[PDB]
Every structure is written in structure tokens, then in C-alpha cells.
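Please read the structure below before turning to the comments.
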Ligand SMILES: NC(=O)c1ccc[n+]([C@@H]2O[C@H](COP(=O)([O-])OP(=O)(O)OC[C@H]3O[C@@H](n4cnc5c(N)ncnc54)[C@H](OP(=O)(O)O)[C@@H]3O)[C@@H](O)[C@H]2O)c1
Ligand SMILES: COc1cc(Cc2cnc(N)nc2N)cc(/C=C/C(=O)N2N=Cc3ccccc3[C@@H]2c2ccc(C)cc2)c1OC
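Residue numbers (the entry's author numbering): 1 to 162.
In C-alpha cells, the structure reads:
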């Protein structure tokens, strides 16, 4: 399986100055539970922002840098390399990788952050006409998670004769 994994706000902002614009622990827990035991594919900037590999999953970084080498990280240099990765692969970010892959993935795990943040990087536009809502689950709010958010699992609709 090839999936997108992303959090975007009401205007599809995903980032600001190489950071997440929001503080939302529950979304990072969501990410953890979905991706443990599987594979994350991320662009170089997204990796440098996180700074280290995330434990208990395969960490794959796409970069043109032939000198790139980080302990605990596998490196690829082409989009085509993604299709040779075994198992359930999650496209993890950032904007560049989402743009390159949104037309190629089977499904998307999207956290909709129900707010409007300042951003400098965006998830590409998409329409629910093309995507079936396999599930939509409201995140629970509390002391440490104060921004309303919704977990969407979207599956690409098949084109059929009407
Ligand atoms: N909200 C979310 O869910 C989420 C998730 C992830 C990231 N983010 C945010 O997204 C932002 C970063 O996105 P970004 O687009 O600026 O950077 P990015 O996609 O994280 O990484 C860009 C880099 O990926 C490498 N790359 C991409 N496509 C390639 C290809 N076809 N071949 C070879 N290398 C390729 C290049 O690395 P080299 O330049 O080294 O060649 C490129 O400069 C950050 O603000 C981050 O916080 C948000
Ligand atoms: C640009 O910065 C980032 C971008 C993304 C991508 C992303 C985020 N959200 C959604 N919905 N999709 C995505 N593709 C993740 C992160 C976060 C990574 C990150 O520390 N943990 N994660 C998974 C994980 C697994 C095992 C141990 C620890 C972690 C860690 C983490 C987990 C839970 C809490 C409460 C706190 C921290 C990130 O750094 C802030």
C-alpha cells in the first residue's frame, strides 16, 4: 500500500518556517500509531526539521544529495525508488513530496486542523468528488490538545461509466 499521511489546516497550510504551525500532541500520537512497523518517505527538509529518525519504523529520505548519510535513515534519490519499497509506505511530507505523489497514492490519512494558521507551505488542492471518506473521526480536545481536528481516511474513487 502507498498512502499519504498529512495534517493540513482549513486552507491546506501544512507548515511555516520548516516547522508545524500548530502544537497538537494527539496528531503526533495519531502519526505514531498509523506508521509504527511501516515505512515513512519524506523530503530532505521535512527530515531535517524533525532532526532524527522516528523510532520503530523505516525512515526513508528523498534527496539529490549523494553525500547524504544518516544513521538509522535509508536514502533514495528518485521518486521511482519509492515503488521499490516493500510494505505499507506513507508519504510523510513535505509540500514537494505531496505535490509529486498526490496523483499516485492509493489513499490518504489526513488530519484536518480546524483552524487558520500562517503558513508558507501547502498541501495541494483536492476534491471530495475524487475521494471517498472511508472514515471521519473527530479528535478529542483537552488540556494539551486545544485545536479542533478531524481524522480523515480518504480512498481514491474509481472512474466508472455513469
Ligand atoms: N503538516 C504536515 O503534515 C507536514 C508533513 C511534513 C512536512 N511538513 C512541513 O512541510 C514543509 C517542508 O516542505 P518542502 O516542500 O519545503 O520540503 P520537503 O518536501 O520536506 O523536502 C524538499 C526536498 O526533498 C528532496 N526532493 C523532493 N523531491 C525530490 C525528487 N523528485 N528527487 C530528488 N530529491 C527530491 C529535495 O532535497 P534536496 O534539496 O536535498 O535535493 C528537496 O529540496 C515544512 O514546513 C514542514 O514543517 C508538514
Ligand atoms: C515538520 O515537523 C514534523 C512533521 C511531521 C509530519 C506529519 C505530521 N502530522 C501528520 N498528521 N502527518 C505528517 N506527515 C511529523 C512530526 C513529528 C514527529 C515526532 O516527533 N513524533 N512522531 C511519531 C513518534 C513515534 C515514536 C516516538 C516519538 C514520536 C514523535 C511524537 C509522538 C507522540 C507525541 C505526543 C510527541 C512526539 C514533525 O515534527 C514536529
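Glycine residues also receive a C-beta, built at the ideal position from the N, C-alpha and C atoms.
A straight line joining the alpha-carbon of residue 50 with that of residue 127 spans about 30 Å. Residue 89 is not a Cβ neighbour of residue 76, given a cutoff of 8 Å. Here residue 40 carries a strand assignment [DSSP, helix/strand/coil]. Taken atom to atom, the span from the alpha-carbon of residue 56 to that of residue 73 is near 12 Å.
Taking a C-beta distance under 8 Å as the contact criterion, residue 152 and residue 133 qualify as a contact pair. Secondary structure at residue 30: helix, using DSSP grouped into helix, strand and coil. The residue from 11, 79, 78 and 102 with its alpha-carbon nearest to that of residue 119 is 11.
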